[PDB]
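All of the numbers you see were taken from the coordinates with simple rules; none came from a lab. When we count neighbours, we look across all protein chains shown, and the Cβ atoms used for this are built from the backbone with ideal geometry, even at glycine.
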RNA sequence: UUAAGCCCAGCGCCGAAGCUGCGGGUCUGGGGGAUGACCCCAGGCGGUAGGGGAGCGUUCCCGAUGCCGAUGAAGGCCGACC
RNA sequence: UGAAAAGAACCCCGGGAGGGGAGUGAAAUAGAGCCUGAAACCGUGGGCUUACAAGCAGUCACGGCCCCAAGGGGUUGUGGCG
């Protein structure tokens, strides 16, 4: 099956079981379930119909073994006598586990 | 109490050096030729992360367009055909459908021209 | 110390680059009759010598 | 296995001998001998001697057997240079550097099938 | 996170000629063709696109008058002369180029656009003694 | 070259570090408030000369008749870890 | 230098110098202007990479090759920006 959900002002297409980062969510615990909106069924032998925001109730079932991740970066602005290496952004990641469509 | 320079500096430099490893010449052998570089490298990355974003914006349009052009229509027309139809979707990016599962796209195209009947 | 002068330290690159053609060339020696030693071509080496021509000492 | 030599503080610029040396890098001891024997340079007489001794060692010390050995590797390093003053016109005076070299040579056994 | 990459394709050529057209108005479309700008599996860094072949060269219309009005400076020897050439010349004295040039100044400047220009294959035909799969496009 | 030029109309895309979206940071304001400085809300956060506020390291003394220390100090050389 | 000369007998290469074994020592990359031994700088070996391409030398992006595997390192062929 196919599918396209939106999260964090961004929209991804998911399948029947997988995921990566998505951006911090109040899903406080790791072992928890949340369902994000959907945008295009998936065309498979189950459907293949989109529509206006596709707010047809149906959504994706997502669990998630996460923990606010981070990452290197180093943002060094620099003009001239002006240096500001004063920046480390790791950005909080939120790993999810897509379940069913 | 005389506070010698002692170690401090050496370290302060090794750091910047590591950062500039693999660079061209003294560019990666000079406690300062390195520095100067790491500077350009500074904005370069920063300025680019800003570019990359709008880099793919375009990088996609091409696909979309050079994809739905096969069904006799302008990316221009196409899009409009959606806005006035309804579709906070596709995400110039997610118009990856035009490639993977092109039938998914097809319906969209026909869906598109529809709004302009 | 005067007029024309280097305007920049030459890069370790272009430095070596300039030497590409410096490699030495192995001498050219050959079997040599009598002794299974070596001598360069067209040469009388002080060991066996030549024929009709002197050299070192032999018997 | 391998037999080393190394003759330090020779007194000849590195660049200068590196030349005769690269001329024997990896070769039959038997051949290099001839080579240096007829290579017109000064390095010869130096790398000669050394390479000749690596041989000795190889035998006398590591029972490697002459006939089977060659030039595993060899190279040369800068030694501490001797600075000297050179009277220059109009009393300028410069420091000439009588450079110095460290010739290392390591034999090795060729094969045995 | 996503991605969108194409594997090793298979150069699907094209034979073409609309000598009833205006070079340029044509050339573009040819260039557009050259680099895979139509084929929705884009990758400006790859080098995938049609192997375009143009036959029946010249015969090309060219709007208003270029009776020496269209000059080809293009050549600058080196000592004092920048040899100029009007259209008429190239047409008579071996044409083809006429279109060729029109294509170069449409293909990107890098070793790629350089490589892409290597694709284009124009002749003063008809007759393209060089094909095994001419997929004549309209 | 009935244009890829000029003038008069119409619709639509493109497009910036602008404005929205989602997340993180920080400083002021107002309240929560069983103060806990622990969370909401609303705004601000380009920057030379300057002004103001926080911090990080170096040597030394008190802590030391102490505590680490050959089961390895100091310094050095590496590392994609925290 | 080392706690201490125990400072390298003897054999081998070499005119010598230097070395290779041997031997002392906790340690000889502690062997004598010898603790530790940073950087510039000169080398040997290995990995990736270069002989149609125009550059403040980097940055962003894909792709390939080389050491551990829903990841990382190293390199860099095009492309974008400088």
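The mean number of partner chain beta-carbon atoms within 10 angstrom of a residue's beta-carbon across peptide A:13-24 is 1. Taken over the C-alpha atoms, segment D:2-110 has Rg and Dmax values of 16.8, 62 angstrom. Note that chain E, at 10 °C in a medium of 1.306 mPa s, gets a Stokes-Einstein diffusion coefficient of 97 µm²/s from its Kirkwood radius over C-alpha pairs. Segment B:1-79 and segment E:9-63 have Cα centres spaced 36 Å apart.
What does the structure give for B:91-104 when I average, per residue, the other chain Cβ atoms found within 10 Å of the residue Cβ? Could you put the intermediate results ahead of the total?
Numbers: counts 8, 0, 6, 9, 1, 5, 6, 3, 6, 3, 6, 1, 2, 9.
Mean partner-chain Cβ count within 10 Å for B:91-104: 5.
If you bin every alpha carbon distance in chain C into 10 Å steps from zero, what whole percent lands in each bin? It works out to 17, 25, 14, 12, 15, 14, 2, in whole percents.
May I ask you to order D:78-88, A:68-78, E:46-56, A:90-100 by the average number of other C-beta atoms within 10 Å around their residues, highest value first? Show your work: numbers first, answer last.
Numbers: D:78-88: 11.0, A:68-78: 12.8, E:46-56: 20.3, A:90-100: 16.0.
In descending order of packing, they fall as E:46-56, A:90-100, A:68-78, D:78-88.
Note on residue D:113 and residue D:65: with the Förster distance fixed at 22 Å, the Cβ-Cβ geometry gives a FRET efficiency of about 0.90.
How far, in degrees from 0 to 90, does helix E:25-34 lean away from the longest principal axis of the Cα atoms of chain E, to the nearest 10? With both axes taken from Cα atoms, the answer is about 40 degrees.
Quote the relative contact order of segment D:1-90 in percent (integer), defining contacts as alpha-carbon pairs under 8 Å separated by 6+ residues.
Numbers: 87 pairs, mean separation 38.0, N = 90.
Computed over segment D:1-90, the figure is 42 percent.
Sorted by average packing, counted as other Cβ atoms within 10 angstrom per residue and highest first, what order do B:21-27, E:23-29 take?
Descending packing order for the listed peptides: E:23-29, B:21-27.
The order of the peptides E:87-94, C:49-56 by mean Cβ neighbours within 10 Å, most packed first, is E:87-94, C:49-56.
When the helices in chain E are scored as -39500 (n - 2.57) per DSSP H run of 4 or longer and the sum is shared across all residues, what 222 nm value do you end up with, to the nearest 500 deg cm²/dmol?
On the way: 4 runs with 31 residues, N = 138.
Computed ellipticity for chain E at 222 nm equals -6000 deg cm²/dmol.
I need the Debye-formula profile for segment B:56-117: one equal scatterer per C-alpha, no solvent, reported as log10 I(q)/I(0) at q = 0.23, 0.25, 0.26, 0.30 1/Å, two decimals. Treating every Cα as an identical point scatterer, log10 I(q)/I(0) equals -0.91, -1.09, -1.19, -1.56.
Note on residue B:107 and residue E:46: with the Förster distance fixed at 41 Å, the Cβ-Cβ geometry gives a FRET efficiency of about 0.90.
Semi-axis lengths, largest first, of the ellipsoid equivalent to segment E:79-138 are 25, 19, 9 Å, with √(5λ) applied to each eigenvalue of the Cα gyration tensor.
Please work out the Cα convex hull volume for chain A and give it in Å³ per residue. Spell out each step's value before the answer.
Numbers: hull volume 12.7 nm³, N = 101.
Expressed per residue, the convex hull around the Cα atoms of chain A is 125 Å³.
Okay, which of segment C:2-35 sit inside 20 Å, backbone N to the point 7 Å along the Cα-Cβ direction of residue D:90? Correct set: C:2-6. Relative contact order for chain E: 32 percent, from Cα pairs under 8 Å spaced at least 6 residues apart, divided by residue count.
Okay, helix-only estimate at 222 nm for chain C: each DSSP H run of n ≥ 4 adds -39500 (n - 2.57), divide by all residues, round to 500 deg cm²/dmol; what do you get?
Working: 1 runs with 8 residues, N = 59.
-3500 deg cm²/dmol, from helical runs alone.
Against chain D, whose longest principal axis is taken from its Cα atoms, helix D:43-56 shows a tilt of about 30°. Helix B:33-68 axis versus longest C-alpha principal axis of chain B: approximately 10°, rounded to the nearest ten. Over chain B, the reciprocal of the mean inverse Cα-Cα separation, the Kirkwood hydrodynamic radius, stands at 18.4 Å. Peptide E:1-9 shows a mean partner chain C-beta count of 3 within 10 Å per residue C-beta.
Would you mind telling me which residue in E:84, E:70, E:121 has the biggest mean-square fluctuation in a Gaussian network model of chain E, where springs connect alpha carbons within a distance under 10 angstrom? Most flexible of the set in this elastic network: E:84.
Could you tell me the calculated FRET efficiency between residue B:17 and residue E:134, based on Cβ-Cβ distance and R0 = 45 angstrom, to the nearest 0.05?
Details: r = 59 Å, r/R0 = 1.32.
Rounded to the nearest 0.05, the efficiency is 0.15.
The alpha-carbon positions of the protein assembly as shown define a convex hull whose volume is 466 Å³ per residue.
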